[PDB]
Amino acid sequence: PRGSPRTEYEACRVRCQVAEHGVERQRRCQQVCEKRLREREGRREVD
């Protein structure tokens, strides 16, 4: 597939914005996807 290093996080927020639409659910999606993002990028080396 394609994408950039923001895509998983970004698409997660978009997904849950359309499909979930709610603060609690937004927190849930954000908490996992933000951590996924941060742990992945943290495990990577940014230029």
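Just so you know, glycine gets a Cβ as well, placed from its N, Cα and C.
What Swiss-Prot lists as disulfide bond is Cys12-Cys33 (among others). Neighbour list (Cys33 (disulfide bond), Cβ cut-off 8 Å, at least 6 residues apart, same chain): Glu8, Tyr9, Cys12, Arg13.
Over all protein chains present, the Cβ of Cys29 (disulfide bond) has 20 other Cβ atoms lying within 10 Å. The feature disulfide bond is assigned by Swiss-Prot to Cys16-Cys29 (among others).
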Coarse DSSP state, helix versus strand versus coil, of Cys12 (disulfide bond):
helix
